[PDB]
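Q: Once you've had a glance at the structure underneath, I'll fire off some questions.
There are 10 protein chains.
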Amino acid sequence: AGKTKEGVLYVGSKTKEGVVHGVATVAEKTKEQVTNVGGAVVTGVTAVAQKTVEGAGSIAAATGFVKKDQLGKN
Amino acid sequence: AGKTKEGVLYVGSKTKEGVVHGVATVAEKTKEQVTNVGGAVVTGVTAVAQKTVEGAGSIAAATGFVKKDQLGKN
Amino acid sequence: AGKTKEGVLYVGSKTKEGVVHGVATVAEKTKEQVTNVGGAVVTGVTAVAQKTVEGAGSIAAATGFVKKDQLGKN
Amino acid sequence: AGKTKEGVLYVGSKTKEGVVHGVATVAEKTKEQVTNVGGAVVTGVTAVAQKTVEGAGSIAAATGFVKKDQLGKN
Amino acid sequence: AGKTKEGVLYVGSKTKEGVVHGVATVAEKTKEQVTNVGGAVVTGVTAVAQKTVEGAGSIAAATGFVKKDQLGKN
Amino acid sequence: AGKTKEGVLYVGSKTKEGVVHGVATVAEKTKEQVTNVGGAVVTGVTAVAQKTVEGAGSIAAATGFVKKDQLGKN
Amino acid sequence: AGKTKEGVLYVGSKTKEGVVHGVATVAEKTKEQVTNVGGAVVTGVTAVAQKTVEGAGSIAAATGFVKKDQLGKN
Amino acid sequence: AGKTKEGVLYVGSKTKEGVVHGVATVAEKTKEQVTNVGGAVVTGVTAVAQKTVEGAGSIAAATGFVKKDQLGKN
Amino acid sequence: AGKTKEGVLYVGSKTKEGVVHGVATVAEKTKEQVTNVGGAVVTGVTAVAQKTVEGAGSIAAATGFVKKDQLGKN
Amino acid sequence: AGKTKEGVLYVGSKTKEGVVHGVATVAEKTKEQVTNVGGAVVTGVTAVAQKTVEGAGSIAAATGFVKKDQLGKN
């Protein structure tokens, strides 16, 4: 009854809607309702995962992130 | 009754809609309702996973991310 | 009753619609409803997975990502 | 009662529609409803998977991704 | 009661429509409803899978992806 | 009045005996004289030479050298 | 009046004997004279030479050297 | 009147014997004379040479040297 | 009247014997004379040479040297 | 009238014998004379040389040296 993780890199999100506008819900009229319920949003993220190494060992890594989305004249 | 992970790299998301506008739900009228329920959204993400190595070992990696989506005049 | 993963790289998402506008749901009228329910969306993502290696070992990798989608004058 | 994966690289998504506009659902009238339910969408993604190697070993890989979809004047 | 994979590379998606506009569903009138239910969409994705190798071993690979779909004046 | 080399791999040796036991040399008597004068002796040597390459490019090579000459009981 | 080298890998040695036991040399008697005059002796040596490369590029190489000459009972 | 080298890897030695037991040299009698005059002796030496590279680039190399010459019972 | 070197790796030695037991040299009798005059002796030496690189770049290398010559019972 | 070096790694030694037991040298009798005159002797030496790099850059290297020559019972 347990979990073991080593050098594991993962991204995610757990969420349960359950009822949500249910179970004896008249509702009738609803306007533009925008809610953020769970979800995994990651951008420009770097990570490094390594196991066990014996003897001489060296790790080298380089990353770069400049700008992403650009909106023109509207 | 457990899970073991080593040098594993994965991206995902778990979500349950369940009822959602159900179970005795009249609804009647609903406007543009936009909600984010679960989902995996990753962009410009780098990662490194390695196992066990014996003796001399070296790791080298390089990544670059500049701009992505561009919107013209609307 | 368990799972074992080593140097595994996968991307996905688990989601259950369940009822969703069901189970005693009149509905009647519904406007443009856009909701994000589960899904795997990954762009510009790099990863490296290796097993166990004995003796001298070296890993080299390079990736580049510049721009992607471009929208012209509308 | 378990699963074992080593150096496995796969992309996918699991989703269940279930009822969805069913089970005592009048519906009547429905507008342009667009929802994202499960699905695997990956673009510009690179990955490397290797097994166990004995003795001297070297891995070299290079990938490049510039632009993709372009929209002209509308 | 388990599955074993080694150096396996596959892309796919599992989804169940189930009822979907069924099971006591009047429907009556439905507008242009576009929903993404399951599916495998991968473009510009590269991967490498190798088994176990004894003695000296080297792996070299190179891929390139520039532009894809282009829309002219409409 | 010059030389140009690019990605050239060669092994050799330049030596001039000139006089050597000459030019007014009585000599008379000479014992087992063993001298090493110039010569190219290379064993277990590896090298890689490449020219100019445009676009994505990858190089992979592996060599091994274990034992060579063995002398039995004398 | 010059030399240009790029990514060139060569092994050699320059030596001039000139006179050596010459030019008014009686000598008379000479015992086992062993002298090392110039010469190229390289064993278990590895090297890598590459030119100019444009765009993504990766280099991978692996070499091993264990034992060489073995003398038995004399 | 000059020399230019770039990413060049070479091993050698320059030596001039000149007279050496010459030019009015009686000598008469000479015992086992052993002298080391110039020469290139390199064993278990590794080196890496690369030119100019544009864009993402990665270099990976691994070498090993254990034992070489072995003398048995004499 | 000059020399230019960039990322150049070489091993050697310059020596001039000149006269050496010459030029009005009776000598008469000489015992086992052993002198070290110039010469290049390098063992278990590693080096790395790289040129100019633009953009992301990574270098990885690993070397090992254990024991070499072994003398048995004499 | 000058020399320019950048990221250059070399090992050597300059020595001139000149006269040495010459120029009006009777000598007559000489015992086992052992003198060290110039020469390059390097063992277990590592070095790293790199040029100019623009943007993100990482360098990783690892070396090991244990024991070398072993003398048995004499």
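Residue numbers (our numbering), protein chains in the order written: chain C, 1 to 74; chain B, 1 to 74; chain P, 1 to 74; chain Z, 1 to 74; chain F, 1 to 74; chain W, 1 to 74; chain E, 1 to 74; chain R, 1 to 74; chain S, 1 to 74; chain U, 1 to 74. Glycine included, C-beta positions come from ideal geometry on N, C-alpha and C.
Let me check understanding here. Comparing Cα to Cα, which of B:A49, B:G12 and B:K73 lies closest to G38 of chain C?
A: Numbered from 1 along the first sequence, position 38 holds the residue referred to as residue 38 of chain C. Nearest of B:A49, B:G12 and B:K73 to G38 of chain C, Cα basis: B:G12.
Q: Do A62 of chain B and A56 of chain U have their CB atoms nearer than 8 angstroms?
A: Start at 1 with the first residue of the second sequence, and residue 62 of chain B comes out as number 62. Start at 1 with the first residue of the tenth sequence, and residue 56 of chain U comes out as number 56. Contact flag set, yes.
Q: Measure how close the beta-carbons of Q33 of chain E and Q33 of chain R come, nearest whole angstrom, since I'm counting them as under 8 angstroms.
A: Within the seventh sequence, numbered from 1, the residue matching residue 33 of chain E stands at position 33. Within the eighth sequence, numbered from 1, the residue matching residue 33 of chain R stands at position 33. Yes, they are in contact, since the Cβ atoms of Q33 of chain E and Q33 of chain R sit about 5 angstroms apart, within 8 angstroms.
Q: With contact counted as at least three CB pairs below 8 angstroms, one residue from each stretch, are the segment 15-30 of chain P and the segment 17-28 of chain B in contact?
A: With a cut-off of 8 angstroms, the segment 17-28 of chain B and the segment 15-30 of chain P count as touching, because enough Cβ pairs lie within range.
Q: Output, in chain order, the set of chain Z residues within a Cβ distance shorter than 9 angstroms of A47 of chain E.
A: As a working mapping, residue 47 of chain E is identified with position 47 in the seventh sequence. Ordered by position in chain Z, no residue passes the 9 angstroms Cβ test against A47 of chain E, which lies about 15 angstroms from the chain.
Q: Considering only the beta carbon of each residue, do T46 of chain B and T35 of chain P sit closer than 8 angstroms?
A: What you label residue 46 of chain B is simply residue 46 of the second sequence in a count that begins at 1. What you label residue 35 of chain P is simply residue 35 of the third sequence in a count that begins at 1. Not a contact, by the Cβ cut-off of 8 angstroms.
Q: For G2 of chain W and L9 of chain F, what's the separation of their Cα atoms in angstroms?
A: Counted from its first residue, the sixth sequence places residue 2 of chain W at position 2. Counted from its first residue, the fifth sequence places residue 9 of chain F at position 9. About 54 angstroms.
Q: If you measure between the beta carbons of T52 of chain P and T52 of chain B, is that distance less than 8 angstroms?
A: Translated into the one-based positions of the third sequence, residue 52 of chain P becomes position 52. Translated into the one-based positions of the second sequence, residue 52 of chain B becomes position 52. Cβ distance < 8 angstroms, so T52 of chain P and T52 of chain B count as in contact.
Q: Would DSSP call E54 of chain Z helix, strand or coil?
A: Reading the fourth sequence from its first residue, position 54 is the one you call residue 54 of chain Z. Reduced to three states, the DSSP call for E54 of chain Z is strand.
Q: Please decide whether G12 of chain W counts as near chain F, where near means a Cβ-Cβ distance under 8 angstroms.
A: Locating residue 12 of chain W in the sixth sequence gives position 12, where the first residue counts as 1. It does not: the Cβ of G12 of chain W has no partner Cβ on chain F nearer than 8 angstroms.
Q: Is the Cβ of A60 of chain P closer than 8 angstroms to any Cβ of chain S?
A: The residue you call residue 60 of chain P lines up with position 60 of the third sequence. So yes, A60 of chain P belongs to the interface.
Q: Taking 8 angstroms as the cut-off, decide whether the C-beta atoms of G72 of chain E and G72 of chain R are in contact.
A: As a working note, residue 72 of chain E is residue 72 in the seventh sequence. As a working note, residue 72 of chain R is residue 72 in the eighth sequence. Result yes, Cβ atoms of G72 of chain E and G72 of chain R sit closer than 8 angstroms.
Q: To which residues of the same chain is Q50 of chain P closer than 7 angstroms at the C-beta, ignoring the five residues directly before and after it?
A: The residue labelled residue 50 of chain P in the question sits at position 50 within the third sequence. Counting only Cβ-Cβ distances below 7 angstroms, and skipping sequence neighbours, we find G7 and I59.
Q: Counting only Cβ pairs nearer than 7 angstroms, list the residues of chain B close to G64 of chain U.
A: By 1-based counting over the tenth sequence, the position of residue 64 of chain U is 64. Ordered by position in chain B, the residues that pass the 7 angstroms Cβ test against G64 of chain U are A56.
Q: Could you tell me the alpha carbon to alpha carbon distance between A40 of chain R and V66 of chain W, rounded to whole angstroms?
A: By one-based count along the eighth sequence, residue 40 of chain R stands at place 40. By one-based count along the sixth sequence, residue 66 of chain W stands at place 66. Approximately 23 angstroms between the Cα atoms of the pair.
Q: Quick one: what's got a C-beta closer than 8 angstroms to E54 of chain P's C-beta in the same chain, skipping five residues either side?
A: In the third sequence, the residue the question calls residue 54 of chain P occupies position 54. Cβ neighbours of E54 of chain P beyond the five flanking positions: none.
Q: I'd like to confirm the pairing. Which residues does DSSP put opposite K3 of chain P in its beta bridges?
A: Position 3 of the third sequence holds residue 3 of chain P. Note: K3 of chain P sits in a beta bridge opposite B:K3 and Z:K3.
Q: For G64 of chain R, count neighbouring C-beta atoms within 10 Å of its own C-beta (all shown protein chains included) and say buried if the count is 16 or more, exposed if not.
A: Translated into the one-based positions of the eighth sequence, residue 64 of chain R becomes position 64. By the 10 Å Cβ count, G64 of chain R comes out buried.
Q: Give the straight-line distance between the Cα atoms of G18 of chain U and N74 of chain W, rounded to the nearest whole angstrom.
A: Working through the tenth sequence from its first residue, we reach residue 18 of chain U at position 18. Working through the sixth sequence from its first residue, we reach residue 74 of chain W at position 74. Roughly 45 angstroms separates the two Cα atoms.
Q: What's the gap between the Cα of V48 of chain S and the Cα of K68 of chain U?
A: Position 48 of the ninth sequence holds residue 48 of chain S. Position 68 of the tenth sequence holds residue 68 of chain U. In a straight line, the C-alpha of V48 of chain S is about 22 angstroms away from that of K68 of chain U.
Q: Are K31 of chain S and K16 of chain R touching if we call contact CB-CB under 8 angstroms?
A: Stepping through the ninth sequence from its first residue, residue 31 of chain S is reached at position 31. Stepping through the eighth sequence from its first residue, residue 16 of chain R is reached at position 16. Contact: no.
Q: Label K5 of chain Z either buried or exposed according to how many other C-beta atoms from any shown protein chain fall within 10 Å of its C-beta, with 16 as the threshold for buried.
A: For this step, residue 5 of chain Z is matched to residue 5 along the fourth sequence. When all chains shown are included, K5 of chain Z counts as buried.
Q: Would you call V26 of chain P buried or exposed, if buried means 16 or more other Cβ atoms sit within 10 Å of its Cβ?
A: The count along the third sequence starts at 1 and reaches residue 26 of chain P at position 26. With 16 or more Cβ atoms within 10 Å of its Cβ, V26 of chain P is classed as buried.
Q: CB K14 of chain U to CB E28 of chain S, shorter than 8 angstroms?
A: As a position in the tenth sequence, residue 14 of chain U is number 14, starting the count at 1. As a position in the ninth sequence, residue 28 of chain S is number 28, starting the count at 1. Cβ distance not < 8 angstroms, so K14 of chain U and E28 of chain S don't count as in contact.
Q: Starting from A27 of chain E, follow the beta strand (DSSP E) in both directions and report where the run begins and ends.
A: As a first step, residue 27 of chain E must be located in the seventh sequence, where it is residue number 27. Careful: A27 of chain E lies outside any beta strand (DSSP E) and carries neither H nor E.
Q: Please report the residue range of the beta strand (DSSP E) in which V8 of chain Z lies.
A: Counted from its first residue, the fourth sequence places residue 8 of chain Z at position 8. No beta strand (DSSP E) holds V8 of chain Z; DSSP gives it neither H nor E.
Q: Starting from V48 of chain U and walking both ways along the beta strand (DSSP E), at which residues does that stretch end?
A: Locating residue 48 of chain U in the tenth sequence gives position 48, counting from the first residue. Run containing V48 of chain U: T46 to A49, per the beta strand (DSSP E) assignment.
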